[PDB]
Amino acid sequence: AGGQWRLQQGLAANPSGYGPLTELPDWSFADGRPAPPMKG
Amino acid sequence: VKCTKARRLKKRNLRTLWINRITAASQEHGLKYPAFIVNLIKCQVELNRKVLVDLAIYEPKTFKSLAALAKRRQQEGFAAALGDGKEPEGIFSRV
Amino acid sequence: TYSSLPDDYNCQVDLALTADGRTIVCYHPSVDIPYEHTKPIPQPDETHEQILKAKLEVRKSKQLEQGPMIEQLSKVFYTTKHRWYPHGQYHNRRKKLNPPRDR
Amino acid sequence: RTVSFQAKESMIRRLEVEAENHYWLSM
Amino acid sequence: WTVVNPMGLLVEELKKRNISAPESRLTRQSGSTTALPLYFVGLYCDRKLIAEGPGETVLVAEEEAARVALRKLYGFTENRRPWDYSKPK
Amino acid sequence: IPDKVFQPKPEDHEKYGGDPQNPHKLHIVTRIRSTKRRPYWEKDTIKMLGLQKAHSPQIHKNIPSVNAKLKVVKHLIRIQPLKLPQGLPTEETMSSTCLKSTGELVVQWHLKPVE
Amino acid sequence: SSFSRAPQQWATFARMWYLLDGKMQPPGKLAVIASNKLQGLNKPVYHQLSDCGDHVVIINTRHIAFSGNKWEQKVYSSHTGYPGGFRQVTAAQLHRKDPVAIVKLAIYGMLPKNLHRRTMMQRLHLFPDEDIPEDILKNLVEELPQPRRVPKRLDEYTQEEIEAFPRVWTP
Amino acid sequence: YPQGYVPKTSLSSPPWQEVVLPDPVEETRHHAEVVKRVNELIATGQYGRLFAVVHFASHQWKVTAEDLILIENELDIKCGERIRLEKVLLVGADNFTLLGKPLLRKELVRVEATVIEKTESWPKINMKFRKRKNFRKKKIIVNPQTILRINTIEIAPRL
Amino acid sequence: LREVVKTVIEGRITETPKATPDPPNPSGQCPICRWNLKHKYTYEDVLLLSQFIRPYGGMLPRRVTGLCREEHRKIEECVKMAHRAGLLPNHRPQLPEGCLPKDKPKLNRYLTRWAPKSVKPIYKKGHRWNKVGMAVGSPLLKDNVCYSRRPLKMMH
Amino acid sequence: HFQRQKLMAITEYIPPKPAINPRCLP
Ligand code: FES
């Protein structure tokens, strides 16, 4: 649901498309060391 | 085989249960299920249905605040429809 | 009156966008029931177990028969008589001895 | 079998999308 | 911790703090005459609700309400900050 | 079908926002339906075009041969004109490219919300 | 929050008693609402196996109103199970024989076709008139607004309303 | 009655009732006033237990102190090592909550958890339907698993 | 308006109350047109209907009212529905000399297109593909404004 | 087929609505 509205705003209809939620890393080390890039 | 078949339908059944509980909770606050989801999407809120059920059960005060946000966006959405688009975007409708 | 939902039942809802606008903040202090809108404790000066025993009174033929006993039990709990009937040994043994309990 | 309202709208959308395909294939 | 007579203990703490003993009131009730009754009893101090507890009977509800106040008195609220095992010091 | 269908009108240009001059170069085509229960010629064209997977982005030229092939499979595809607001990507920025649903291929991804 | 486990479970799983007025109210709309309340669908945590149904009390069923000519056109069919045991009765005749029968039948049909329906019917209380036992009132927790807003009659209209209403034409 | 006057009636007006939103200028003042109080609340640390919603993998996990989360895949991280989750959309306090749009700023919220165990999934039975199924057409699924323990949730008054 | 007084009998024509001044839409041929009420009245609007109805519930002649035929049919249907719904207690039929009504319980009904007397029961309801439909409402009021997403279900 | 029936409905012409009916015309 909401795909039409997301397209109206210029966002991907499916939240799983191009977006910070999917593209950005999902975690990092507690020490602060950056996590390795996701294989996907 | 029955267990293997049950794997696919089990996930679908769980999603149906989550939606039903949300609808019951939303109607208690006077908000229909489609309106709540659409308003949350318009608010750039990406909570999943399972978590939505969880917040209502254990965070009723937060859920009421969430209901107000959906209701407030709905009020702005109604105003935008009545405005016909000439009016600027609402304070809570800014993206 | 900025809040779009009544604040009188559950808690006061204060909705406020952050100055940067990246966050939505909800303040939800709880609201207590007004004193004038509550009832006092019963002024007149009995345990529920006694009431339950009284409800299932033994009046006729000393202890009543199983059927009437089930009917009396069914009436109290607004259930059907079928629920109260026992079950055979086969299923009774099948019942799990140590069911898991979490929270 | 009377046609449901939903079905009619879906067919119209497909025709409209195909019309856009025609235009972008016209240049 | 085993706490008997919570109502008396709650009053004992309140008098130490120079606070009036709460006046019990029935905030909410459901199925009073049924075999499954629910009673909500709130302890009102100076006409102000301090703690409310649920119970099947008024005595149980009052006892439960007192238990809630004792936790609040000692700062043992369910939403209280969790203890810290993080500290390396 | 008469050729007039593929002859655009000034109103059509405004509706689709396509300039009759400087026509778009590249087509964006995605398969949205199944080829099952379809005649062999339709199946062959889809395989030749490479649209085996549904909702799969494909870059193709707006040339008569491609245009003729696309017309055969028109009903099973969605055609969008590619747009390059920032121009063609460079070799260094080839790893920073990103195609939006609007049809714009940005050559630099700054990980900042458009808002 | 901060409540003991067992009291919290008791309160959450407790059953509520509701009162409904059927005077000049369509049973079908009431039945839909009644099914929601009876089955326990009015709770946010409703579950199929939690037995969370609630008690529903309906009064003034004698004065229900049926839209259109459903009074004379709606026929209820039942079979005794013996040869020639087919019985067809109009809605008006059924109401005359029993005012509460129509409401019960509609609710029963609307309810799910499962074993739990019979238990739900036990929790349902239907009163032909306003009379209710006092203990039920004590059990009653809340009353529900009538589903249908009742139109006013000419006599019911206020004198001030008549003055406000203009005369469209002059006889 | 003036020209083109329609008195309100059942069909003259819609069932819904029009409303008027508050003026923005005063409403913006209300926004700041709430924020100022909230910033003091965060600064004063007037909160106890907190709950945070974190999106990991393809799932959203509501988190609280002492919570245990199982991830059905390997993570490549040694057990007993604390790790920070970077995607948090919501955090809750005793009387206030913060909602991301769709995510909060990294400065505001920092969440750390530790890996407890690396494990696999108990066997799962897969059997496709076919005529003459036979008993030997069986496959087992033992996909990997990992265990995480929530350690700390940190917030600051950085509004 | 002529009234007869009573052998010698004499009849006097009396002045009639006038419509409210300044109709919302002057130049309208019919009063409904004059008042912009074409698609905004229903049988529940007894106040408007009562103006065109005799004291005992009889329909007034169209010529006297002056409204167009389309509204006449709509108003007549609306009035009939109100009578069948018992919404006109002061316009009930006249008792000739001393007659009294059925003196039996009266069933509450509304939205009744036809008289309950002349509608026979539907014994065979029908299956999914043979289900019988029961008309609700009046076709004459199709043009009335609807505030629902889809047109109302005339046939139940 | 169901789809064929949809086409028949589409062929139905959409007429505009006149402002005022002839009887209620000025
Ligand atoms: S509204 Fe003008 S003639 Fe009927």
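Residues numbered from 1 in each chain as written, not as in the entry; some residues may be left out. Chains lettered and ligands numbered in written order. Part of a larger assembly, values for the part shown. Heavy atoms only, no water.

This entry lists cryo-EM as its structure determination method and reports a resolution of 5.67 Å.

**Structural notes on the interface of chain G and chain I**
Facing 32 residues of chain G, the contacting portion of chain I comprises 40 residues. Between chain G and chain I the total buried area reaches about 3,500 Å² when both faces are included, carbon and sulfur atoms providing 65% of it. The largest per-residue losses of area from chain G upon contact with chain I belong to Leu154, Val168 and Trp169 of chain G, which jointly make up 23% of the total buried on that side. Where chain G touches chain I, the interface holds one salt bridge. (Contact = heavy atoms within 4.5 Å. Buried area = accessible area lost by both parts, 1.4 Å probe. Salt bridge = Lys/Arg side-chain N within 4 Å of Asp/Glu carboxyl O.)

**Looking at the nonpolar core**
Counting 35 residues, the largest nonpolar core has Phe36, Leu47, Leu52 and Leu69 of chain B together with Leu15 of chain C as the members making the most contacts within it. When residues in this core are grouped by element, the largest group, six residues, is from helix α4 (residues 60–83) of chain B. Apart from the residues within four sequence positions on either side, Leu47 of chain B is in contact with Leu52 and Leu55 of chain B together with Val53, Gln60 and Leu90 of chain H. In terms of nonpolar packing, the next biggest core, distinct from the first, is built from 34 residues, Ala35 of chain A together with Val38, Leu41 and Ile77 of chain H among them. (Core = buried A, V, L, I, M, F, W, Y, C linked by side-chain atoms within 4.5 Å. Buried < 20%, exposed > 50% of the residue type's maximum accessible area, 1.4 Å probe, protein only. Helix = DSSP H or I, 4+ residues; strand = E, 2+ residues; numbered from the N terminus.)

**Describing the packing of helix α1 (residues 6–16) of chain E against helix α2 (residues 58–73) of chain E**
All names here are of chain E. One way to put it is that α1 packs onto α2 with a least axis distance of 9 Å and a crossing angle of 35°. α1 and α2 meet at a crossing whose hand is left-handed. Between α1 and α2, the contacting residues are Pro6, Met7, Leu9, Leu10 and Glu13 on the first element and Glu62, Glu63, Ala66, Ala69, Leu70 and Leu73 on the second. The residue makeup of the contact of α1 with α2, split by class, is eight nonpolar, no polar and three charged. (Axes fitted to C-alpha atoms, helices over the stretch in contact; angles between N-to-C directions. Left-handed = near helix turned anticlockwise from the far one by under 90°. Nonpolar A, V, L, I, M, F, W, Y, C, P; charged D, E, K, R; others polar.)

**Details of the sheet that holds strand β1 (residues 26–31) of chain F**
Taken in spatial order, the three strands make up an open sheet running β2-β1-β3 (chain F), and their pairing is antiparallel. Among the strands making up the open sheet, the edge pair consists of β2 (59–61) and β3 (77–81) of chain F. Sheet twist, expressed as the mean angle between neighbouring strand axes with direction ignored, is 35°. Of the pairings in the sheet, the one linking β1 of chain F to β3 of chain F comprises five bridges and is antiparallel in character. Each bridged residue has a counterpart across the sheet, and for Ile28 of chain F the counterpart in β3 of chain F is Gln80 of chain F. Sheet contacts for helix α1 (residues 5–24) of chain D: β1 and β3 of chain F; angle to β3 of chain F, the most-contacted strand, approximately 50°. (Pairing = 2+ DSSP bridges.)

**Considerations on the arrangement of the chains**
In this assembly, 19 pairs of chains are in contact, and the pair with the greatest number of contacts comprises chains G and I. Regarding chain A and chain J, which are not in contact, the minimum distance between any of their C-alpha atoms is 25 Å. At the C-alpha level, the nearest point of chain H lies 14 Å from chain J, with no contact between them.

**Looking at the sheet that holds strand β6 (residues 96–100) of chain H**
A sheet is described by the order of its strands in space; here six strands give the open sequence β1(C)-β2(C)-β6(H)-β5(H)-β1(H)-β2(H), paired in antiparallel fashion. Each having just a single partner strand, β1 (14–17) of chain C together with β2 (59–64) of chain H make up the two edges of the open sheet. Strand-to-strand twist across the sheet, computed as the mean angle between neighbouring axes with direction ignored, equals 15°. In the sheet, strand β1 (residues 51–56) of chain H pairs with strand β5 (residues 88–92) of chain H via four bridges, with the strands oriented antiparallel. Residue pairing across strands places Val54 of chain H opposite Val88 of chain H, the latter belonging to β5 of chain H.

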